[PDB]
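Okay, structure first, notes after.
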2 protein chains.
Amino acid sequence: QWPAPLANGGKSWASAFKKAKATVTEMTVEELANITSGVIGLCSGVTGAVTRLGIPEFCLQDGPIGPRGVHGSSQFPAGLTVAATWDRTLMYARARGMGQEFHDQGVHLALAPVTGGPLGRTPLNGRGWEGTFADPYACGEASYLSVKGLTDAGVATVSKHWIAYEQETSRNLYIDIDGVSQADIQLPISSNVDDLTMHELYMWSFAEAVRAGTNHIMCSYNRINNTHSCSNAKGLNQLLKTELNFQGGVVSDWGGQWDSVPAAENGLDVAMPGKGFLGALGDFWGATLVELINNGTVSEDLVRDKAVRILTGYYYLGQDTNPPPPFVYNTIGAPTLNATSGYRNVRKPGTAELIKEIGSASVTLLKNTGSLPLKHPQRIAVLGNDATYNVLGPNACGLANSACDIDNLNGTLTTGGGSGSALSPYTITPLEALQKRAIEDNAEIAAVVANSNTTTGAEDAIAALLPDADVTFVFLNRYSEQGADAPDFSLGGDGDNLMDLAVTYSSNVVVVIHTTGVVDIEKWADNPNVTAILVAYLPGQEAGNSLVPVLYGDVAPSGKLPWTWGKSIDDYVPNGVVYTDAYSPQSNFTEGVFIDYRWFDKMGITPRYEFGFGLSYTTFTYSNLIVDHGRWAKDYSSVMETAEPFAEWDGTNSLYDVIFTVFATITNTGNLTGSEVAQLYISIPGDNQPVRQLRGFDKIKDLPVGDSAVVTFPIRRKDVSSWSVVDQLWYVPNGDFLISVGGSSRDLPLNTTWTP
Amino acid sequence: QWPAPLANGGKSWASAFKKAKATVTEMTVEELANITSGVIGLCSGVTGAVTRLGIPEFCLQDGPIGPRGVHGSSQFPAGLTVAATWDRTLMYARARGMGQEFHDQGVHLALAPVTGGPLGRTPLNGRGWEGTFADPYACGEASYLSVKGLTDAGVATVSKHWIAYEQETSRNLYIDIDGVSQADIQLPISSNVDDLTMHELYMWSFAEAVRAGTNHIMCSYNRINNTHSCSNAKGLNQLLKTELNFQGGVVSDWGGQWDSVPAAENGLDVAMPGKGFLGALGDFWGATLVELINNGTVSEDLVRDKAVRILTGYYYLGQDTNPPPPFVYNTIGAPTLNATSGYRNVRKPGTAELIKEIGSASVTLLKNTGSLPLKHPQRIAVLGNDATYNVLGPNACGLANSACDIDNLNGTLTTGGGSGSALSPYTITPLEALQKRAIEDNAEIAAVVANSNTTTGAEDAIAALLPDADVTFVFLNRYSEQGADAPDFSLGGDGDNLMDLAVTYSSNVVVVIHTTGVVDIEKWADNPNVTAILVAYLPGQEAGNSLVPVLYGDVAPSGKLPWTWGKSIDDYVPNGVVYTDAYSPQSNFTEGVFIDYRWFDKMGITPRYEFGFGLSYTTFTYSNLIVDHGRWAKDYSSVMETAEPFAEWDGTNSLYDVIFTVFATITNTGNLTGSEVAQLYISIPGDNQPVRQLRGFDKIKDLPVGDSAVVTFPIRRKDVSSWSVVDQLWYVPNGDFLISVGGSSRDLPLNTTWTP
Ligand SMILES: *[C@@H]1O[C@H](CO)[C@@H](O[C@@H]2O[C@H](CO)[C@@H](O[C@@H]3O[C@H](CO[C@H]4O[C@H](CO)[C@@H](O)[C@H](O[C@H]5O[C@H](CO)[C@@H](O)[C@H](O)[C@@H]5O)[C@@H]4O)[C@@H](O)[C@H](O[C@H]4O[C@H](CO)[C@@H](O)[C@H](O)[C@@H]4O[C@H]4O[C@H](CO)[C@@H](O)[C@H](O)[C@@H]4O)[C@@H]3O)[C@H](O)[C@H]2NC(C)=O)[C@H](O)[C@H]1NC(C)=O
Ligand SMILES: *[C@@H]1O[C@H](CO)[C@@H](O[C@@H]2O[C@H](CO)[C@@H](O[C@@H]3O[C@H](CO[C@H]4O[C@H](CO)[C@@H](O)[C@H](O[C@H]5O[C@H](CO)[C@@H](O)[C@H](O)[C@@H]5O)[C@@H]4O)[C@@H](O)[C@H](O[C@H]4O[C@H](CO)[C@@H](O)[C@H](O)[C@@H]4O[C@H]4O[C@H](CO)[C@@H](O)[C@H](O)[C@@H]4O)[C@@H]3O)[C@H](O)[C@H]2NC(C)=O)[C@H](O)[C@H]1NC(C)=O
Ligand SMILES: CC(=O)O[C@@]12CO[C@@H]1C[C@H](O)[C@@]1(C)C(=O)[C@H](O)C3=C(C)[C@@H](OC(=O)[C@H](O)[C@@H](NC(=O)c4ccccc4)c4ccccc4)C[C@@](O)([C@@H](OC(=O)c4ccccc4)[C@H]21)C3(C)C
Ligand SMILES: CC(=O)O[C@@]12CO[C@@H]1C[C@H](O)[C@@]1(C)C(=O)[C@H](O)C3=C(C)[C@@H](OC(=O)[C@H](O)[C@@H](NC(=O)c4ccccc4)c4ccccc4)C[C@@](O)([C@@H](OC(=O)c4ccccc4)[C@H]21)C3(C)C
Ligand SMILES: *[C@@H]1O[C@H](CO)[C@@H](O[C@@H]2O[C@H](CO)[C@@H](O[C@@H]3O[C@H](CO[C@H]4O[C@H](CO)[C@@H](O)[C@H](O)[C@@H]4O)[C@@H](O)[C@H](O)[C@@H]3O)[C@H](O)[C@H]2NC(C)=O)[C@H](O)[C@H]1NC(C)=O
Ligand SMILES: *[C@@H]1O[C@H](CO)[C@@H](O[C@@H]2O[C@H](CO)[C@@H](O[C@@H]3O[C@H](CO[C@H]4O[C@H](CO)[C@@H](O)[C@H](O)[C@@H]4O)[C@@H](O)[C@H](O)[C@@H]3O)[C@H](O)[C@H]2NC(C)=O)[C@H](O)[C@H]1NC(C)=O
Ligand SMILES: *[C@@H]1O[C@H](CO)[C@@H](O[C@@H]2O[C@H](CO)[C@@H](O[C@H]3O[C@H](CO)[C@@H](O)[C@H](O)[C@@H]3O)[C@H](O)[C@H]2NC(C)=O)[C@H](O)[C@H]1NC(C)=O
Ligand SMILES: *[C@@H]1O[C@H](CO)[C@@H](O[C@@H]2O[C@H](CO)[C@@H](O[C@H]3O[C@H](CO)[C@@H](O)[C@H](O)[C@@H]3O)[C@H](O)[C@H]2NC(C)=O)[C@H](O)[C@H]1NC(C)=O
Ligand SMILES: *[C@@H]1O[C@H](CO)[C@@H](O)[C@H](O)[C@H]1NC(C)=O
Ligand SMILES: *[C@@H]1O[C@H](CO)[C@@H](O)[C@H](O)[C@H]1NC(C)=O
Ligand SMILES: *[C@@H]1O[C@H](CO)[C@@H](O)[C@H](O)[C@H]1NC(C)=O
Ligand SMILES: O[C@@H]1[C@@H](O)[C@H](O)OC[C@H]1O
Ligand SMILES: O[C@@H]1[C@@H](O)[C@H](O)OC[C@H]1O
């Protein structure tokens, strides 16, 4: 085994550690078992109180778009959607806003963000949308800022899911309900991950989360090399708590804990949900952990270290001197918990405008043949239930946005299904917003929003409506959800039918896709009747009013794709989702570090739309690439430090030191003002190395016609490193490094060589 | 027989008559038959050209809300809806706006307004909504202003339908299509109307239409005393063309003409639609009328008088010196007419705001227990497909708003079905408008707009949503249409179910009814969970934005009911709709003059909501009734004059002279500013006379709290007259007249006696 290292508070939590140790020193064995296992309450999870010492219950609450199952709050855009902005300021402000609302609702610990698990090995991942980029570097940057935004608002974070949690299928949470136990059916999928892949690929974003000060981390459902993540000594005690120097608590996912003793010894700190959800998801600690200590199987001091880890967050964020107000909403639901809900409104001035701005900044133009931007069209047709409201109400699908019937017309896809969803005070529909703009132009506008296959008359309505239209907007979607992967890339609902009808009857079709990921558009993407295609991802509540200004040219589109859009699912990493009824299911990560565009680049597969692709209404020319070797600096700014070994280590040094900076220049060479995401890729020399790896991005805002601006990329030591499996450390390999800059992963007009 | 009197141009058309006679004098027999029978074209009806003399084809076009089947136009509110405003200025401006759009689309003759047929003998009349009030006096005033507004814009009018056209059922238009002829199935319903009833009840509004200068009149489908209206000598040659002194043309309804010779001799002028609609609706004139003249059966001079009547309008409105532009839309439809459509936009600045104002002025508050006006509710539920768009598009139901399937979710009922409908450039939905106001108050709002009986989950969505709501808006409707009467008072669609669910789960339910007439609300109107009830009638395109300001108190509601709302259909005139398969179906108008509230008042039946009932957010006190006998004046202002005989006639005199004026005073005695419709009723002494008869209305706008204003009622000679069947003239009977003033037909705090 790898022994459990003791918390010491590290960099920023030293004083809070000290108060945590003082309190925990006073605790009895019953009290230690109480704080470390869940109890019944209104939140996703609730830690027992330590009543005698005045430590209250902590509310742990979903989710990564804001607190789930609460009224009086805003529905923020999904992580996928903010990734697609490529705007650091928006990644932070989104998180800070979510945090404000978490705090004002009474949440102590936010079950957020998703910071690298699932990272994106398969594009069918039913919950991939909760994360950000299918790229370690960019996911790392988003994860850093998301964590910082949440904690800066006074909410502790529980970053998730550690680690190699890359498929929902056979995730097999522990559950024992009505005589049928998952242990007797099938064990969780095992992620079989080589050491290099674990370091260079899956750990990257978690390192950034630890550096940003995440207070906790949640261990996933999957197994790793046939050992449960939540009792994987190598995972938690070694890689997380030793190499990453993590100082906070490891919280089990809900049914992630499979056992009592291995869990306490191998790095687990908090058993969730404990007595919540009827005890059906395992209840391995609590009174049972009291007996394990008193009879000497589990070390008392070991358990005190778990308590210390939990309380460090409490004191660091000042939840003692500034308590959160009470959490008033039943987010569990009857009959599981019968208990009434109060009411509180926490929506602040500015939040609706921020959510709108994220939408306008993310929406991504994949195809424009000249129909966009719109001028002042006079006869406008609109097709698709995605254009309008859920017919049962925007929250009809319930507490996790997953309970409406398989055929329901859910309206605009504003968030995905599951624990990462949230309620919505309203939906600004695409149709409401297009209609407002139509009225200003004295135009007419009509929408067919029924099911084009199963409602009588819809097809003929469509036939009758489209030919005369100046433009036809088609709104498509693809719902996906926690607990299943998507079967394939197929549009949800009547999507395919809408598109076949649309091109039969209109030669100016503009397609807008609200989705949790990549969809199959192969039948029509090259039809010249589809004059424009845009993906708007998951925009939360301001869906229509964020889209329409971009469509009409008020602001040029500036979003780019945060993953690869291949022409077929066969173009990706093989065995993305393993289906088997084998009792011990296996997923071998044979691809290694080569996921998403790294796979495409290495096998020479040409995607339909590459990673980092997006059109504007203008063009940008790249020039004057400069590598400034003299432009280096100490890492002073992190909240916490890791202990990742590296070759050049000398006591005063860091893996996150900036060792040089790359500069380049962009010129708007088109006819309209626009923003541009500049991207930097490095080819690190070695055996079996990716052709190139994203190591920088910078977004210039609203570059006027003919103007220029400089983009700037700080390069850290780690960014040019490789991990030595033989030596067990990060090193900068000798050799020629290629540095590329440009507008996508495949449009890189500038390059240069750098040698250390 | 009653011989056909010759046109002479009467009062305002004298010079146009002269030019008409000159032109017609030059016409051959072929040319006379061409102008007097319909030909194929893009409009509802088209008169043949007289090519040699440069007289083009005239476009006749539906309908009484504006030109039908046209893009580029606005959907105005229905006549029912403007009646409910009780605002003369709005009745005029609505008509003038409709006229502008008629003209700018190229229409020569508008098939509008509905000016007393159907007037409202039965509240089940499928097309009652096209007219205004179920009251001769008020229908007369609306009819005068509607006609004036249309002609003032340069469009000739064809006022309809003459006369005693009081049920759609067995209207039996002539049609002979695919070997099956209506003549071999069933004759039109016969209206058996006594002479007093015809004069005091059905003729009243047509007299006002003739006085306002209607250029034509359309004869109805029904028979009168077992003679078709369109060949009823007594109807057309005598009552219309002699007593009413009508100087314009009688146009057949479409399939209203049953014969060639009786029609030419008994007063018909224009055979419509002629060769249009495949000749299937009879084609009795045209080439056949050429042979009838040349072989001497039909007098040539008689036919010249028809031509003269048609051309008088053309010259009077200046359609020669200012031609209408071309009519560019196929309003017939393929396969009946295959022909392409151009495009023109005629929507002017100001029209959308006028249609909104009519909505805000008409919406009628029937019940308010204190829930209205709304303050700033934070959780708002909305129920009903009426709250949102037609799922197939607002115009999906086609050229006459009547072709969507029996179950379709048609969305907000903005106009009724049939030839009196029109297309809509958009629908401002109740839900869009409530949502905008919710957003301003930082509130949440959710709508269940599916079918609550047949869509899975809707009922539970409803159960789950309503209890927590501060207010629940329920939107109900009742579509009806030309060519059928309503079976009963039942809400359309899932109405009944919505209301049962609403009161189970909310104690603050506010009901809004969009309808073509009275509906059965008896199950819930007295439930204290229904805290407010409003009828909004048919608001055209600005449905939501006209309603919401009234709901939120920006303006107090000031509409009142234009018909009686009885508790059951058994409370009305019996035999309202006769159903039979008898070849010659009969309707005996045994009730005489006693329709609508005259029936209720006479039989001592207490309606649920009386004629002229509506609540405000304030109250008004009535005081200081004055009859000013000295306040009389000559009738100088009419466009045309009738020749109605009357006892006091002396050459310089008129039946429309004002013989006194009634004044009264209203004081706003509540807490909020509001508008008030003041109503005047006279009890004319006689045998079998109504208890009281509306003879005045005046609307005070925005009366501040504690302020007073005077309402003024001019009383004409005709207004205190009766018709002598023995003498065949109007007379003022000797005796005591009761004069009542107040806020409804049953809330009349002021009264006084007047003797001639
Ligand atoms: C899930 O399972 C996979 C299953 O394999 C696990 O992965 C393994 O992870 C361990 C670390 O826990 C690796 O152990 C290290 O192995 C080094 C030798 O590697 C070479 O030999 C092995 C065995 O014959 C091969 O498998 C390797 O091949 C792979 O890597 C190469 C190189 O890139 C590729 O080309 C191959 O194709 C494979 O991908 C190698 O050829 C070994 O040197 C290393 O030794 C040090 O580290 C430990 C500390 O843990 C010390 O105890 C030991 O004393 C050595 O440390 C001293 O020495 C160095 C100097 O040499 C100093 O710098 C130190 O500070 C110190 O004083 C270590 O044992 C194993 O190789 C790796 N396998 C693969 C295939 O990746 C996952 O960890 C497992 N995960 C979980 C979560 O359970
Ligand atoms: C659909 O059918 C109904 C079926 O009846 C038709 O109605 C009738 O309409 C005609 C007019 O075209 C009426 O004719 C007039 O009758 C007068 C006599 O009426 C009394 O007797 C008759 C017959 O016995 C009764 O039916 C009447 O009863 C009804 O009215 C009374 C009174 O209120 C009620 O109490 C009853 O219960 C009934 O409702 C009466 O008791 C008759 O005097 C009148 O005579 C003059 O008019 C014509 C001009 O058309 C002259 O030719 C004639 O010379 C008289 O005119 C001179 O005399 C007067 C002075 O007396 C002068 O002032 C004149 O200027 C002139 O020099 C006339 O014949 C008939 O009564 C009426 N029936 C009913 C039941 O209403 C509908 O018209 C028909 N409609 C259509 C469209 O086809
Ligand atoms: C299994 C699971 O994930 O359950 C939890 C409760 O904590 C878990 C975390 C999860 O995020 C949470 C909160 C969610 O938010 C999910 O979005 C969520 C799910 C993914 C879903 O999960 C499932 O459908 C399970 O696969 C499903 N499992 C089974 O039917 C099953 C039974 C025996 C052996 C193996 C499987 C299940 C359905 C309904 C109740 C319990 C279990 C249950 C669950 O009801 C929700 O489940 C419960 O609320 C619940 C669980 C146990 C008892 C009572 C209630 C779900 C929702 C909200 C729909
Ligand atoms: C019967 C009738 O009212 O037809 C007209 C055409 O001029 C009439 C006036 C009417 O206002 C007009 C324009 C309308 O606008 C109506 O809203 C309207 C109707 C009320 C409707 O009328 C009916 O449904 C008839 O009762 C119906 N009648 C019969 O089926 C019938 C056949 C034989 C004997 C007795 C009855 C019918 C349906 C479809 C085509 C022709 C007749 C036809 C009609 O298609 C529309 O009809 C046609 O367009 C049409 C008529 C004949 C031949 C070809 C087309 C209708 C619409 C638009 C739906
Ligand atoms: C509107 O949103 C709805 C949710 O709020 C969407 O419904 C969900 O959609 C997904 C598919 O996209 C379904 O997931 C699959 O469903 C089945 C499992 O169903 C049952 O099968 C057996 C029963 O014998 C049993 O094993 C299961 O427990 C289920 O009872 C499988 O095909 C897949 O494995 C996968 O889980 C959801 O089931 C469905 N939810 C519900 C509650 O029906 C809906 O698709 C949205 N509308 C549109 C157009 O996208
Ligand atoms: C949405 O608006 C729709 C129209 O655009 C509404 O559909 C119409 O609604 C009325 C009833 O409210 C129906 O009128 C009745 O229908 C039938 C006649 O149907 C057939 O019966 C025989 C066939 O064997 C034949 O004689 C007829 O020609 C018909 O084929 C009778 O019950 C009545 O006499 C009456 O005419 C319309 O038929 C219906 N239109 C269509 C095209 O189906 C719809 O109701 C609206 N939705 C809601 C919720 O109100
Ligand atoms: C272990 O955890 C238990 C569950 O959290 C804990 O119990 C709970 O104690 C809290 C206070 O710490 C109580 O909360 C409220 O109760 C009283 C009235 O009874 C109020 O005056 C207070 O304001 C307070 O809000 C809970 O009632 C109680 N919950 C349950 C389910 O019993 C135990 O105390 C913990 N045990 C140890 C050893 O600390
Ligand atoms: C009786 O009515 C007929 C139908 O309206 C009428 O015919 C039509 O005549 C018009 C002009 O009055 C023609 O309109 C266009 O034709 C020529 C080109 O062919 C253009 O140069 C002109 O600009 C004009 O717009 C119609 O083509 C014609 N319609 C049909 C169906 O024949 C007869 O002329 C009328 N008969 C009499 C005796 O007047
Ligand atoms: C310690 O406690 C656990 C849980 O009750 C029990 O299974 C185990 O056998 C105990 N050890 C001894 C030595 O009794
Ligand atoms: C494009 O639309 C036109 C109608 O606008 C249609 O006739 C043509 O077949 C369509 N083209 C394709 C490739 O579907
Ligand atoms: C009114 O609503 C309440 C719930 O708000 C319900 O319990 C009660 O039965 C309802 N009353 C009626 C008369 O339906
Ligand atoms: O937040 C948790 C989610 O990430 C996990 O997968 O399911 C349990 C949830 O409550
Ligand atoms: O306008 C006409 C309408 O009033 C009549 O009833 O049907 C024929 C229509 O075209």
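Residue numbering restarts at 1 in every chain; chains get A, B, ... in the order shown in the structure tokens, and ligands count up from 1 in that same order.
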
Counting only C-alpha atoms and all ligand atoms, what residues are within 6 Å of ligand 5, given as an mmCIF file with N, CA, C and O atoms, in the first residue's frame?
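Wrote it out as out-v5.cif, contents follow:
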```cif
data_model
loop_
_atom_site.group_PDB
_atom_site.id
_atom_site.type_symbol
_atom_site.label_atom_id
_atom_site.label_comp_id
_atom_site.auth_asym_id
_atom_site.auth_seq_id
_atom_site.Cartn_x
_atom_site.Cartn_y
_atom_site.Cartn_z
ATOM 1 N N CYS A 397 -39.763 18.494 -16.492
ATOM 2 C CA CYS A 397 -38.987 17.249 -16.442
ATOM 3 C C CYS A 397 -38.340 17.024 -15.072
ATOM 4 O O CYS A 397 -37.667 16.009 -14.823
ATOM 5 N N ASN A 401 -34.151 17.356 -14.534
ATOM 6 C CA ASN A 401 -34.427 17.553 -15.943
ATOM 7 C C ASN A 401 -34.414 16.280 -16.743
ATOM 8 O O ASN A 401 -33.912 16.265 -17.881
ATOM 9 N N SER A 402 -34.963 15.202 -16.176
ATOM 10 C CA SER A 402 -34.843 13.845 -16.803
ATOM 11 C C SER A 402 -36.094 12.924 -16.757
ATOM 12 O O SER A 402 -35.993 11.730 -17.159
ATOM 13 N N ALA A 403 -37.266 13.463 -16.364
ATOM 14 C CA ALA A 403 -38.448 12.646 -16.062
ATOM 15 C C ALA A 403 -39.613 12.848 -17.050
ATOM 16 O O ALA A 403 -40.638 12.209 -16.896
ATOM 17 N N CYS A 404 -39.477 13.715 -18.060
ATOM 18 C CA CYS A 404 -40.519 13.836 -19.048
ATOM 19 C C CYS A 404 -40.417 12.591 -19.899
ATOM 20 O O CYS A 404 -39.374 11.976 -19.992
ATOM 21 N N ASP A 405 -41.518 12.251 -20.552
ATOM 22 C CA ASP A 405 -41.619 11.064 -21.369
ATOM 23 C C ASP A 405 -40.658 11.140 -22.550
ATOM 24 O O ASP A 405 -40.389 12.243 -23.032
ATOM 25 N N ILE A 406 -40.199 9.978 -23.028
ATOM 26 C CA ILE A 406 -39.294 9.823 -24.208
ATOM 27 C C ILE A 406 -39.654 10.659 -25.438
ATOM 28 O O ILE A 406 -38.760 11.149 -26.178
ATOM 29 N N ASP A 407 -40.946 10.859 -25.648
ATOM 30 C CA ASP A 407 -41.408 11.672 -26.790
ATOM 31 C C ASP A 407 -41.726 13.117 -26.506
ATOM 32 O O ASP A 407 -42.107 13.838 -27.411
ATOM 33 N N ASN A 408 -41.560 13.573 -25.281
ATOM 34 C CA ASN A 408 -42.070 14.890 -24.973
ATOM 35 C C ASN A 408 -41.386 15.968 -25.833
ATOM 36 O O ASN A 408 -40.217 15.842 -26.168
ATOM 37 N N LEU A 409 -42.151 16.986 -26.242
ATOM 38 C CA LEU A 409 -41.590 18.174 -26.933
ATOM 39 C C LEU A 409 -41.041 19.106 -25.843
ATOM 40 O O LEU A 409 -41.771 19.911 -25.245
ATOM 41 N N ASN A 410 -39.747 18.936 -25.545
ATOM 42 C CA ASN A 410 -39.120 19.617 -24.429
ATOM 43 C C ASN A 410 -38.793 21.062 -24.684
ATOM 44 O O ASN A 410 -38.366 21.758 -23.753
ATOM 45 N N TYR A 479 -30.736 16.096 -26.665
ATOM 46 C CA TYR A 479 -30.717 15.837 -25.239
ATOM 47 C C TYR A 479 -29.831 14.654 -24.923
ATOM 48 O O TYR A 479 -29.896 13.634 -25.604
ATOM 49 N N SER A 480 -29.002 14.780 -23.899
ATOM 50 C CA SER A 480 -28.351 13.591 -23.312
ATOM 51 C C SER A 480 -28.262 13.831 -21.822
ATOM 52 O O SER A 480 -28.687 14.902 -21.330
ATOM 53 N N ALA A 484 -26.401 7.422 -18.849
ATOM 54 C CA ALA A 484 -26.369 6.697 -20.103
ATOM 55 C C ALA A 484 -25.435 7.451 -20.986
ATOM 56 O O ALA A 484 -25.312 8.653 -20.833
ATOM 57 N N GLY A 492 -31.826 14.483 -31.783
ATOM 58 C CA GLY A 492 -32.925 14.059 -30.945
ATOM 59 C C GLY A 492 -34.246 14.298 -31.702
ATOM 60 O O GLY A 492 -34.295 15.042 -32.685
ATOM 61 N N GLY A 493 -35.315 13.649 -31.245
ATOM 62 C CA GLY A 493 -36.686 13.896 -31.756
ATOM 63 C C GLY A 493 -36.811 13.700 -33.250
ATOM 64 O O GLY A 493 -36.114 12.841 -33.856
#
```

Inset, instruction - Check every protein, DNA and RNA residue against ligand 4, keep those with an atom at most 7 Å away (counting only C-alpha atoms and all ligand atoms), and present them as a PyMOL selection string. - result: chain B and resi 44+173+175-177+180-182+254+277-278+280-281+332+336+399-400+402+418-419+482-483

Within 6 Å of chain A, which residues of chain B show up? Give each one with its shortest atom-to-atom distance in Å (one decimal) and the two atoms involved, counting only C-alpha atoms, rows by chain then rising residue number, as a Markdown table.
```
| residue | atom | partner | partner_atom | distance |
| --- | --- | --- | --- | --- |
| B:391 | CA | A:450 | CA | 5.2 |
| B:392 | CA | A:448 | CA | 4.5 |
| B:393 | CA | A:447 | CA | 5.0 |
| B:396 | CA | A:461 | CA | 5.8 |
| B:425 | CA | A:444 | CA | 4.3 |
| B:426 | CA | A:445 | CA | 5.9 |
| B:444 | CA | A:425 | CA | 4.3 |
| B:445 | CA | A:426 | CA | 5.9 |
| B:446 | CA | A:393 | CA | 5.3 |
| B:447 | CA | A:393 | CA | 5.0 |
| B:448 | CA | A:392 | CA | 4.5 |
| B:449 | CA | A:391 | CA | 5.3 |
| B:450 | CA | A:391 | CA | 5.2 |
| B:458 | CA | A:392 | CA | 5.9 |
| B:461 | CA | A:396 | CA | 5.8 |
```

Per residue of chain A within 8 Å of ligand 10, note the shortest atom pair and the distance in Å to one decimal, counting only C-alpha atoms and all ligand atoms, and order the rows by chain and increasing residue number, as a Markdown table.
```
| residue | atom | partner | partner_atom_place_in_ligand_line | distance |
| --- | --- | --- | --- | --- |
| A:467 | CA | ligand 10 | 5 (O) | 6.2 |
| A:500 | CA | ligand 10 | 14 (O) | 7.9 |
| A:503 | CA | ligand 10 | 14 (O) | 4.7 |
| A:504 | CA | ligand 10 | 10 (C) | 4.9 |
| A:505 | CA | ligand 10 | 4 (C) | 4.6 |
| A:506 | CA | ligand 10 | 5 (O) | 4.0 |
| A:507 | CA | ligand 10 | 5 (O) | 4.2 |
| A:508 | CA | ligand 10 | 5 (O) | 7.6 |
| A:527 | CA | ligand 10 | 13 (C) | 5.3 |
| A:528 | CA | ligand 10 | 13 (C) | 6.3 |
| A:529 | CA | ligand 10 | 1 (C) | 5.0 |
```

Inset, instruction - Could you give me, as JSON, numbers by chain, each residue of stretch 443-658 of chain A that DSSP assigns to strand (DSSP E) when run on this structure's backbone? - result: {"A": [444, 445, 446, 447, 448, 471, 472, 473, 474, 475, 476, 477, 478, 509, 510, 511, 512, 513, 514, 515, 530, 531, 532, 533, 534, 535, 536, 537, 586, 587, 588, 620, 621, 622, 623, 624, 625, 626, 627, 628, 658]}

Legend entry - Selection within 6 Å of ligand 7 by only C-alpha atoms and all ligand atoms, output as a VMD selection string: chain A and resid 30 to 31 34 48 to 51 56 to 57

Legend entry - Residues within 7 Å of stretch 14-17 of chain A, only C-alpha atoms, excluding chain neighbours under 6 positions, as a list in words: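 Neighbouring residues, sequence-local ones excluded: residues 8, 312, 315 and 316 of chain A.
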
Legend entry - Nearby residues (only C-alpha atoms) at most 10 Å from residue B:647, same-chain spacing under 3 positions excluded, as a PyMOL selection string: chain B and resi 650+655+721+723-724+727-732

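Checking A:471, A:230, A:569, A:339 one by one against ligand 1, counting only C-alpha atoms and all ligand atoms, you find the shortest gap at A:230.
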
Inset, instruction - Tell me, as a ChimeraX atom specification, which residues lie within 12 Å of residue B:733, counting only C-alpha atoms; anything in the same chain fewer than 2 positions away does not count. - result: /B:646-648,683-687,689,717-724,729-731,735-737,754-756
